[PDB]
2 protein chains.
Amino acid sequence: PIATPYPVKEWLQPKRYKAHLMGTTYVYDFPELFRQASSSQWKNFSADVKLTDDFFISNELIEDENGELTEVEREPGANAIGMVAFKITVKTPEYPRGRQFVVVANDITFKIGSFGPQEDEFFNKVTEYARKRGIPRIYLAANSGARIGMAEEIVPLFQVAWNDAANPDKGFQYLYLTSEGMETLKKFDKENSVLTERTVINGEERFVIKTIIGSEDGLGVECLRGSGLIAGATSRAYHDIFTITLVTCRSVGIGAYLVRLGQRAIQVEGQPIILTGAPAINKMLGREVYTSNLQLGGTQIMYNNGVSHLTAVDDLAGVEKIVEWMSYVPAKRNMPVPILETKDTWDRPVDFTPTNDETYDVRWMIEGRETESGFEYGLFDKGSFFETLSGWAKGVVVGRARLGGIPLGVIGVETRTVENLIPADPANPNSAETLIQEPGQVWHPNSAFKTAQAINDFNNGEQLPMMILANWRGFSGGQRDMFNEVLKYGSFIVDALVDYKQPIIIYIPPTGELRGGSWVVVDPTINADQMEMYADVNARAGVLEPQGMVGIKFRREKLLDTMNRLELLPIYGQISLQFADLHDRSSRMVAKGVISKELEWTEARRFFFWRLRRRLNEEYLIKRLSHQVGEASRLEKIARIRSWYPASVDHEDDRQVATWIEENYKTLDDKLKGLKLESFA
Amino acid sequence: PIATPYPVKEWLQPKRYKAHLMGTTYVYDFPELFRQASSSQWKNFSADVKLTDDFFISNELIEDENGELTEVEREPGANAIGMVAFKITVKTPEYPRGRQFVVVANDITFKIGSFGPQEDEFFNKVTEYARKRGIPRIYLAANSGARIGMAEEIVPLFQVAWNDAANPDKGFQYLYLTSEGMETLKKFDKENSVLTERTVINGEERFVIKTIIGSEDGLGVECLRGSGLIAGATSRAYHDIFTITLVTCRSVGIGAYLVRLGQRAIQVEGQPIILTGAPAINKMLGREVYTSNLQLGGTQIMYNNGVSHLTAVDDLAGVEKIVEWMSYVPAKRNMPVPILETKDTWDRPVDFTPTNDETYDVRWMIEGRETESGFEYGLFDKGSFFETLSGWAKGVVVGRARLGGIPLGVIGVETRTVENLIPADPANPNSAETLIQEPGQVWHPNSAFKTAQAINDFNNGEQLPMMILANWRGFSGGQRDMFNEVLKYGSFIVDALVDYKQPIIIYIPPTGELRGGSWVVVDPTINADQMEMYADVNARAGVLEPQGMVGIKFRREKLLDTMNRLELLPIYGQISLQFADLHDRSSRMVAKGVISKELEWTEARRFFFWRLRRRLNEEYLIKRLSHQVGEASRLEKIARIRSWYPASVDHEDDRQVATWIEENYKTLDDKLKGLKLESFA
Ligand SMILES: Cc1ccc2cc(CC3CCN(C(=O)c4cc(-c5ccccc5)nc5ccccc45)CC3)ccc2n1
Ligand SMILES: Cc1ccc2cc(CC3CCN(C(=O)c4cc(-c5ccccc5)nc5ccccc45)CC3)ccc2n1
């Protein structure tokens with residue numbers, strides 16, 4: 001384009017234009033997208049705040065002569081390999097003084113973003129760089145999978161030993177190199193390009209090729225090794241630092257695995273996540289089964305799958321979601337979760353309240369609801385709910401939120417029936433679109449899996465506390481769901497809880513319940529060090545529902561003995577139901593000692609804010625001791641810590657405990673430093 | 001029955017008869033089944049061996065006044081709770097001097113084997129007892145799930161405040177107790193059985209019941225807490241000790257979860273594993289959808305599911321399988337895997353060999369094949385293959401085996417297509433039986449999951465080394481399998497490998513291959529501390545198959561430039577294929593350094609036996625150092641250890657290294673004890 005006001009970026013650097021022709025942002029332009037998203041982050045938090053350009057810094061990372069990563073400022077497109085990375089230092093609302101993370105990305109313009117050995121080792125090197133520092137690792141996927149190739153240098157000289165030069169159509173015995181060929185190879189110092197066995201047949205000496213190696217690196221299995229290297233590297237990263245991936249253009253083979261292994265993923269619409277392309281699969285099946293890769297790995301697959309946690313309309317939207325997601329996680333591994341108080345202060349009642357005879361969206365209880373007569377506040381901070389995995393297993397709702405500024409993972413139950421429509425596979429003619437009815441308050445294979453996935457994702461890397469508004473009748477025990485292994489997924493939940501490292505709150509909501517099958521997987525004893533359970537005064541819980549209980553312990557016979565109190569079975573049947581229901585109250589739960597407290601929904605925000613803040617504080621103190629006295633149970637630690645509180649402080653008063661502790665952090669630190677004396681030598 | 005030769009056991013103890021009427025062995029008779037199975041174990045190993053009754057000892061475990069477990073010899077049926085346990089000490093072929101394990105079981109005759117709080121705490125107490133000692137925990141499931149009940153004492157006295165004594169059909173306002181009732185309760189010291197509010201209405205004073213608590217323990221949520229307690233307890237046990245469960249009669253609710261959480265499970269035919277019973281589910285759906293619980297949790301569900309690893313014709317068969325399974329695992333956590341040499345010695349060639357143009361069952365390569373001209377030996381010890389999870393995801397084959405006596409987990413690939421027939425769910429009228437074609441050498445969601453499950457099951461509790469005869473073309477990238485999340489299951493494999501703690505051998509078989517998608521998940525770099533890869537001289541590996549490679553790097557144009565070597569596309573197309581194929585040889589793998597060695601199938605048993613034995617030995621030495629010098633990478637440890645070998649010993653000679661090490665264990669132990677001097681104070 002001639003005569004533009006400013007320089008034509010796409011001309012100054014043709015690679016930028018190639019990227020665009022490919023439907024993705026040029027890799028070197030992504031740091032600018034992060035600056036833009038970060039700026040927006042501020043405007044949304046505080047319209048005023050005068051922001052300067054030093055609030056965002058991006059330094060490209062490359063390997064020095066010794067293979068170690070260092071920072072450089074160079075012209076975009078100078079990358080010698082197809083993988084690039086940047087260290088981002090950015091001041092944000094949660095971290096005004098700045099937080100850091102790295103961004104690794106394929107360069108779709110460099111050999112179609114293929115993963116060659118060098119790209120793989122660079123990617124691995126960047127992952128370790130992030131893990132060592134404990135900072136988040138953002139991956140931007142735009143690739144063609146493992147790099148392929150043949151030893152081109154052997155193509156113009158190989159000879160074929162036919163069964164008879166007369167009719168080639170008769171076949172060949174092997175391929176070989178003449179003494180002339182062996183020479184052409186030695187002339188270019190490419191003798192290792194081939195493995196041969198010198199044998200003379202009638203005419204001349206023919207070196208039979210037993211194996212083709214090639215002089216150029218990155219043709220086959222060496223690309224597979226590096227492929228596995230970064231797969232395992234990413235598997236580890238996920239249990240270590242916050243990991244996330246943006247699928248910004250196709251992501252193929254190892255590319256698709258990196259997306260899942262990183263777990264948290266945002267798919268830009270129209271950018272497929274595939275294993276094998278449609279053309280190839282069509283060859284596998286014989287006919288023209290698939291039209292595009294989007295049928296195999298588009299958002300309708302992966303987002304409905306749970307592989308993609310969120311979809312983005314474009315690259316910038318993807319970056320914004322990443323930035324939004326990061327606002328809930330620690331600046332780095334083991335640092336405190338980022339407190340961020342906003343307009344919606346902790347001290348207030350909860351407005352929206354569910355009713356037994358009225359349908360509702362659990363999201364209203366979570367983030368509040370907008371009504372004609374004004375906004376009704378929910379349990380958590382207004383506008384702080386960030387839902388994820390929203391395109392899969394709608395039976396359960398998961399996301400991040402803030403409670404008076406405290407970030408945490410939230411799991412709620414969708415009470416409304418879900419219409420899960422499964423498309424028909426083109427590969428099968430006899431296939432027809434299928435509709436699955438997923439009853440509310442019932443775990444299914446998908447929703448059980450999602451529940452566990454969320455717990456693990458809240459725990460690993462995010463290191464967030466969690467609240468589960470437990471409200472399930474049980475798991476689906478029908479044949480299809482049972483055959484579909486609902487037990488394995490249900491069990492994944494218990495496993496996830498056992499592994500949780502931050503405070504957990506299990507709370508049965510106002511019109512909610514827990515029964516024999518559901519309570520099993522969320523009881524506080526699964527992980528007593530982190531879990532606490534609470535039931536609303538209007539919640540219910542017992543092994544069986546009232547109907548089921550009477551149908552077994554208040555049979556027709558016993559129902560008649562009661563006729564001796566005053567045809568009339570209808571009303572008496574109702575009486576027995578109420579008799580049973582009077583057993584499933586929060587009061588019995590308190591009496592039997594299975595919950596910490598029974599609560600009143602409207603007061604829940606106030607109670608949980610201080611309960612959580614109080615816990616974050618004691619936990620902090622407990623960890624400090626776990627690095628001193630060492631050998632000591634949690635019971636002994638938490639007890640010693642509480643022995644330091646002033647005698648008149650009421651251990652049961654959350655607000656008092658939290659308040660006294662924050663007033664004496666340094667004083668408590670002195671008592672700890674002085675405890676080092678307990679250095680059993 | 002009168003006039004029997006010996007006492008009528010079922011009469012002496014009626015509970016034994018009740019158990020039988022229920023289709024299961026009386027709990028106290030199970031130890032005898034273990035003795036029988038153990039005796040058989042010997043006969044099968046050595047027909048001769050004169051066995052005495054002291055080779056098997058079973059001591060029931062009960063809680064003493066302080067709640068601690070102790071041994072007792074008492075009359076069967078004296079159990080005050082519905083859960084029982086035994087400590088078994090038994091000499092076996094693998095452990096001639098004896099090995100121990102515990103057996104916990106529901107007593108189906110005690111309150112239908114329901115899980116009450118006491119049963120739950122006993123079960124938990126036994127699990128910890130086993131974990132502390134590091135011994136296997138066998139669970140025999142025969143139950144009705146969580147115990148239920150109502151406060152019976154409140155049934156004969158509750159009163160109802162009708163809207164008008166005239167027409168009860170009009171409803172009631174609440175239930176209450178008269179001053180007479182409150183007295184009946186105080187007379188039996190059951191005042192807490194109810195929560196009321198004294199209010200006087202016209203007539204007398206009526207105490208409105210707000211909550212029914214009940215005096216008897218085990219009615220509701222207290223059964224749910226204990227339920228969650230043992231769920232989490234079992235979740236932990238699985239990552240700690242060898243865990244296994246025999247479903248000997250129905251296993252309900254928490255009962256079904258215990259089976260999965262324990263992971264390894266053997267289902268006796270006709271004994272259902274269910275969440276909710278058919279009658280109840282029929283109520284849920286309205287109509288008479290299900291006939292029996294077997295439709296919901298019978299072997300056709302759970303065995304085809306992968307929830308049940310094996311099925312047994314009867315209780316005794318179940319016990320035998322348990323005993324057989326245990327013969328491959330350490331007597332207790334962290335003890336060496338049980339070496340058990342048999343007739344089939346290590347020093348011999350492998351007979352059965354696959355052919356490219358011939359269908360075969362991978363089991364033949366594993367355990368050998370019986371033919372008309374005699375027995376053809378496989379890679380592993382004759383008769384040592386114990387397949388598991390054989391009713392699910394047949395695309396992959398898993399089991400335990402012995403290599404010259406060394407036990408290990410084995411994973412092989414089923415090359416034959418699998419006909420996976422999925423029954424139709426009665427709940428859906430529009431449902432029809434479905435047939436799934438699972439191509440061989442291709443991972444599917446189920447087979448990927450099974451592959452990972454096996455790795456985790458070999459690692460946790462079993463603590464076994466592993467060999468994977470890696471032979472997959474890739475994962476199924478079609479729509480259905482992609483939508484069914486094959487990526488998540490594929491990723492589970494990488495996770496399992498990362499967590500493996502024993503030596504691992506990845507070996508591409510004689511006619512096998514690995515490609516871009518499959519190699520990703522089994523490369524040695526995923527876990528370099530334990531993994532080693534090998535390729536047969538007749539194996540193949542590269543990113544793409546030859547067809548795919550030519551279709552991209554040897555297009556029609558380039559194919560014509562080759563026409564200048566001597567219509568004839570057919571033969572030249574064949575030529576290009578061979579050109580590509582010459583790239584995917586074990587030789588290139590060795591050159592690029594991606595495998596430890598290329599091998600010859602017939603010599604594999606000899607090579608692997610000494611390679612594994614050599615490794616088990618170095619690993620042992622490495623752990624000893626990991627308890628001394630501590631802070632040191634594996635590279636530094638393995639290096640120091642090898643520095644102790646005699647200078648003339650060839651580190652690369654497996655047999656020599658293993659042999660010298662076993663000759664100097666004690667001498668090496670002295671060098672270690674002397675290394676304690678390195679006690680950086
Ligand atoms: C339902 C389903 C889904 C995915 C499956 C994947 C495989 C293995 C891979 C290995 C690697 N591979 C090839 O290497 C290959 C690629 C291409 C191809 C490449 C680029 C464009 C178009 C086609 N064409 C071929 C034809 C015949 C044999 C192999 C090929 C693809 C095939 C096997 C069964 C499958 N079944
Ligand atoms: C496809 C599917 C499969 C399993 C499902 C499980 C539930 C929850 C449980 C809670 C506990 N429960 C009861 O408590 C109950 C039990 C029995 C019952 C008990 C013994 C014998 C026969 C029936 N009858 C009832 C009728 C109405 C309401 C509840 C009951 C069973 C119902 C919800 C939806 C389901 N959908």
Side-chain angles (χ1 to χ4, degrees), chain A residues 144-146 148 252-253 274-286 289-290 293 296 425 427-428 436-444 472-482 486 513-519 542-553 555 577 580 584, chain B residues 144-146 148 252-253 274-286 289-290 293 296 425 427-428 436-444 472-482 486 513-519 542-553 555 577 580 584:
Chain A
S144 301
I148 67 179
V252 184
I274 62 180
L275 243 15
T276 286
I281 291 188
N282 285 323
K283 215 78 176 185
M284 246 58 249
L285 289 56
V289 174
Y290 302 108
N293 292 322
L296 303 177
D425 187 1
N428 170 43
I436 299 295
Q437 294 280 299
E438 301 175 340
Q441 289 180 276
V442 175
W443 264 308
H444 290 82
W472 288 277
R473 310 250 298 296
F475 294 83
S476 178
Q479 178 180 302
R480 171 165 177 284
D481 293 317
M482 209 66 152
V486 67
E513 74 193 88
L514 240 41
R515 303 297 173 180
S518 45
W519 188 300
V543 184
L544 297 175
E545 252 151 43
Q547 303 229 75
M549 179 62 74
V550 304
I552 299 175
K553 290 291 185 176
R555 306 298 293 291
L577 272 43
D584 322 328
Chain B
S144 301
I148 67 179
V252 184
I274 62 180
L275 243 15
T276 286
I281 291 188
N282 285 323
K283 215 78 176 185
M284 246 58 249
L285 289 56
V289 174
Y290 302 108
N293 292 322
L296 303 177
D425 187 1
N428 170 43
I436 299 295
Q437 294 280 299
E438 301 175 340
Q441 289 180 276
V442 175
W443 264 308
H444 290 82
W472 288 277
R473 310 250 298 296
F475 294 83
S476 178
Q479 178 180 302
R480 171 165 177 284
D481 293 317
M482 209 66 152
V486 67
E513 74 193 88
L514 240 41
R515 303 297 173 180
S518 45
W519 188 300
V543 184
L544 297 175
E545 252 151 43
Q547 303 229 75
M549 179 62 74
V550 304
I552 299 175
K553 290 291 185 176
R555 306 298 293 291
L577 272 43
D584 322 328

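Counting starts at 1 for both ligands and their atoms, in listed order. Here is how names work: the chains are called A, B, and so on, in the same order as the sequence lines, proteins then strands, and each is numbered from 1.
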Atom indices of ligand 1 within 4.0 angstrom of [X] heavy atoms, with elements:
{"X": "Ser476(B)", "result": "1 (C), 2 (C), 3 (C), 4 (C)"}
{"X": "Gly477(B)", "result": "3 (C), 4 (C)"}
{"X": "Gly478(B)", "result": "3 (C)"}
{"X": "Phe475(B)", "result": "4 (C), 5 (C), 6 (C)"}

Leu544(B) contact mode with ligand 1 (heavy-atom cut-off under 4.0 Å):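 Looking at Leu544(B) and ligand 1, atoms from backbone and side chain both fall under 4.0 Å.
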[atom1]-[atom2] distance between [X] and [Y], expressed to the nearest 0.5 angstrom:
{"X": "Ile552(A)", "Y": "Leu544(A)", "atom1": "CD1", "atom2": "CG", "answer": "5.0 Å"}
{"X": "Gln441(B)", "Y": "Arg473(B)", "atom1": "CD", "atom2": "CZ", "answer": "6.5 Å"}
{"X": "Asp584(B)", "Y": "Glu513(B)", "atom1": "CG", "atom2": "CD", "answer": "9.0 Å"}
{"X": "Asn428(A)", "Y": "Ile436(B)", "atom1": "CG", "atom2": "CD1", "answer": "7.5 Å"}
{"X": "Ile281(B)", "Y": "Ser476(A)", "atom1": "CD1", "atom2": "OG", "answer": "7.0 Å"}

Measure the distance from [atom] to every protein heavy atom, then report the residue, atom name and distance (to 0.1 Å) of the closest one.
{"atom": "atom 30 (C) of ligand 2", "answer": "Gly548(A) N, 3.7 Å"}
{"atom": "atom 20 (C) of ligand 1", "answer": "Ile552(B) CD1, 3.6 Å"}
{"atom": "atom 21 (C) of ligand 2", "answer": "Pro279(B) CB, 4.1 Å"}

Using heavy atoms and a threshold below 4.0 Å, how should the contact between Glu545(A) and ligand 2 be classified: side chain, backbone, both, or neither?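 It is both parts that get close, each with some atom under 4.0 Å.
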Within reach of ligand 2, part of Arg473(A) (heavy-atom separation under 4.0 Å):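 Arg473(A) to ligand 2: contacts from backbone and side chain alike.
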If you count the atoms of ligand 2 from 1 in the order shown, which ones are under 4.0 Å from a heavy atom of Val442(A)?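 Selected atoms, number and element: 33 (C), 34 (C).
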Atoms of ligand 2 less than 4.0 Å from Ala280(B) heavy atoms?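 Selected atoms, number and element: 17 (C), 18 (C), 22 (C), 23 (C).
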Checking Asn293(B) side chain against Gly277(B) main chain: does a donor-acceptor pair fall under 3.5 Å?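 Pair absent, no side-chain N/O of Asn293(B) close to backbone of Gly277(B).
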Distance-only, no hydrogens or angles: does the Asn282(A) side chain make a donor-acceptor pair with backbone N or O of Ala278(A) under 3.5 Å?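 Yes, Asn282(A) side chain to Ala278(A) backbone: donor-acceptor pair under 3.5 Å.
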Using every non-hydrogen atom in the two residues, find where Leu296(B) and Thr276(B) come nearest and quote the distance to one decimal.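 Taking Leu296(B) first and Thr276(B) second, the nearest heavy atoms are CD1-O, 3.7 Å.
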Quick one, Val289(A) and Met284(A) - any side-chain contact, counting heavy atoms below 4.5 Å?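 No; the side chains remain at least 4.5 Å from each other.
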So which of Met284(B), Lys283(B), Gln479(A) gets nearest to atom 26 (C) of ligand 2, if we judge by its closest heavy atom?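 It is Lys283(B) whose heavy atom sits nearest to atom 26 (C) of ligand 2.
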